[PDB]
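Fold and geometry: a report
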Amino acid sequence: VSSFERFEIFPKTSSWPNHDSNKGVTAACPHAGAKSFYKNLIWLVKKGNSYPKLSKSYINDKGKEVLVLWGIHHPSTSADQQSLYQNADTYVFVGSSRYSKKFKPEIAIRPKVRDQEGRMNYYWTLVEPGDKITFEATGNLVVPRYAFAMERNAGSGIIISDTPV
Amino acid sequence: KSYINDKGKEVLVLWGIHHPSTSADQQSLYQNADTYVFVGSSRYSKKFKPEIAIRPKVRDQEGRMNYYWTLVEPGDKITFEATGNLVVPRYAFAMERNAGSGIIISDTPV
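Residues numbered from 1 in each chain as written, not as in the entry; some residues may be left out. Chains lettered and ligands numbered in written order. Part of a larger assembly, values for the part shown. Heavy atoms only, no water.

Structure determination for this entry is recorded as X-ray crystallography, at 3.5030 Å resolution.

With that out of the way, let us pick up the interface of chain A and chain B. In this complex, chain A contributes ten residues to the contact, which on the side of chain B involves eight residues. For the chain A and chain B pair, buried surface summed over both sides reaches about 730 Å², with 55% attributable to carbon and sulfur atoms. For the interface between chain A and chain B, the tally reads zero salt bridges. Across the contact surface, chain A and chain B share two residue pairs in polar contact. Those elements giving two or more residues to the side of chain A that touches chain B turn out to be β7 (92-96), β8 (100-103) and β10 (132-137) of chain A. Its residues assigned to classes, the side of chain A that touches chain B shows one nonpolar, five polar and four charged. (Contact = heavy atoms within 4.5 Å. Buried area = accessible area lost by both parts, 1.4 Å probe. Salt bridge = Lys/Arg side-chain N within 4 Å of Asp/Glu carboxyl O. Polar contact = N/O pair within 3.5 Å; in protein donor to acceptor, adjacent residues only side chain to side chain. Helix = DSSP H or I, 4+ residues; strand = E, 2+ residues; numbered from the N terminus. Nonpolar A, V, L, I, M, F, W, Y, C, P; charged D, E, K, R; others polar.)

Our focus in this paragraph is helix α1 (residues 23-30) of chain B. Capping of α1(B) at its N-terminal end is provided by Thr22(B); its side-chain oxygen lies 3.2 Å from the backbone amide nitrogen of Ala24(B). The first or second residue beyond α1(B) is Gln31(B), which carries a positive phi of 70 degrees.

All names here are of chain B. Along the chain, the position of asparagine 66 falls in strand β5 (residues 64-72). Counting along the chain gives 48 residues from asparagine 66 to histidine 18, while the straight-line C-alpha distance between them is 6.6 Å. With residues near it in sequence (within four places) discarded, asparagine 66 still touches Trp15, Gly16, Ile17 and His19. Reaching out from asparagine 66, the side chain makes a polar contact with the side chain of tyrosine 68 at a distance of 3.5 Å.

Time to look at the layout of surface pockets. Residues and elements named next belong to chain A. Taken as a whole, the largest pocket spans an internal volume of roughly 620 Å³. Around the largest pocket sit 26 residues that line it, and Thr26, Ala28, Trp43, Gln116 and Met120 are the ones nearest its centre. Top element by residues in the lining of the largest pocket is strand β2 (residues 26-31). It accounts for four residues. Classifying every residue of the lining of the largest pocket by side-chain character gives 13 nonpolar, six polar and seven charged. In this structure, the second largest pocket occupies an estimated 390 Å³ of space. (1 Å grid on protein atoms, 1.4 Å probe; cavity = no way out; pocket = protein on both sides within 12 Å on 5 of 7 lines; lining within 4 Å. Points joined across faces, edges and corners; volume = space filled by probe spheres on them.)

On the surface, a nonpolar cluster with roughly 510 Å² of combined accessible area is contributed by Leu14(B), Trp69(B), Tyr91(B) and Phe93(B). For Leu14(B), a relative accessible area of 42% gives the class partly exposed. (Patch = residues over 30% accessible without salt bridge, like charges linked within 9 Å, V, L, I, M, F, W, Y side chains within 5 Å. Areas by Shrake-Rupley, 256 points an atom, 1.4 Å probe, with all protein chains shown as cover. Buried < 20%, exposed > 50% of the residue type's maximum accessible area, 1.4 Å probe, protein only.)

Residue and element names in this part refer to chain B. Pairing in this open sheet of four strands is antiparallel, and the strands run β1-β6-β3-β4 from one edge to the other. The strands lining the two open edges of the sheet, one partner per strand, are β1 (2-4) and β4 (45-48). Sheet twist, expressed as the mean angle between neighbouring strand axes with direction ignored, is 5 degrees. (Pairing = 2+ DSSP bridges. Axes fitted to C-alpha atoms, helices over the stretch in contact; angles between N-to-C directions.)

Positive phi values are uncommon outside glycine, yet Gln86(A) reaches one of about 70 degrees. Residue position: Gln86(A) is located in the loop between α1 (78-85) and β7. The backbone of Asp60(B) sits at a positive phi, close to 60 degrees, despite the residue not being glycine. On the secondary structure map, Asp60(B) appears in the loop between β4 and β5. Overall, the relative accessible area of 58% leaves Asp60(B) in the exposed class.

Let us now look at the environment of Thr83(B). Residue and element names in this part refer to chain B. Tracing the backbone shows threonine 83 in the loop between β6 (77-82) and β7 (86-87). The partly exposed category is assigned to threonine 83, whose relative accessible area is 34%. Separated by 48 residues in the primary sequence, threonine 83 and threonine 35 place their C-alpha atoms 5.3 Å from one another.

With that settled, consider the side chain of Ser21(A). Note that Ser21(A) resides in the loop between β1 (3-8) and β2. Beyond its immediate chain neighbours, meaning those up to four positions away, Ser21(A) contacts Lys12(A), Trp16(A), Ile42(A) and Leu44(A).

Right, let's get into the packing of aromatic side chains. Under the defined criterion, the tally for this structure stands at 16 aromatic pairs over all chains. Taken together, a centroid distance of 5.2 Å and an interplanar angle of 10 degrees make the contact between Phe4(A) and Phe148(A) stacked. Placement of the pair is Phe4(A) in strand β1 and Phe148(A) in strand β12 (residues 146-151), with a sequence separation of 144 residues. The class of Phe148(A) is buried, set by a relative accessible area of 11%. On the numbers, 6.0 Å between centres and 10 degrees between planes, the contact of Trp15(B) with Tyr68(B) is stacked. Of this pair, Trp15(B) sits in strand β2 (residues 10-19) while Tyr68(B) sits in strand β5, and the two are 53 residues apart along the sequence. Here the two residues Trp15(B) and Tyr68(B) agree in accessibility, since each one is buried. Among the aromatic residues, those joined into a ring-pair cluster are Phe10(A), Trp16(A), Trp70(A), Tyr99(A), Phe103(A), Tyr123(A) and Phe135(A). (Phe/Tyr/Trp six-rings, centres within 6.5 Å; stacked < 30°, edge-to-face > 60°.)

Take a look at the structure:
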């Protein structure tokens, strides 16, 4: 990468007024004992007994590509679904001029991995300079918090070794 | 609708699937808010359920339209089945592929 700049695409404080963005932490990602989560994402949970239709957009204004990543949570039980998003049936939609896809969460009980019977998928896409990317979710969306305005340097590789720098 | 390949050679079939922007646009074109499309053969089988949402404008179009293709072996049937949101074929192509060649992207004249 010949240009890498991390910025806040959807500010945590002022972008999700109707959704809770503080109790989306778990014991699966502990930070010094306490329950925490990813830094560049936000786990949006219901506020009281309500989860309205989410709809947010961002227009790439960096003159270079912007890497955006998000997540899709798939709960273990419907009781866990109702306790987090208040809606028994949900759908998530992400779309841009290059990307477009609708998501339907899958509610099922998997074997325990780090004491989690549920799963969560992770996705990524690059937004062209001057393009728009829209989000639309009735629940189960791990929303993005930080993006990355980048300009990918030409092809290179990745070395896995204990050799010091 | 069904078609039986009687051309004695492979037949290339191309169809499309439309995904409206709003449920209002959905019902305005196909009258059924919930639709499905099915295409089947001996080798191909798939069901499409349109995804309704608003995308950023591309050529002044808030909706999208995926395009699909498959081949039909000589003597095989291909069946279409749709309650809406289907761009049906009009012209097919009875073709026969020879050895592997490529595509040239150049301004050099012929």
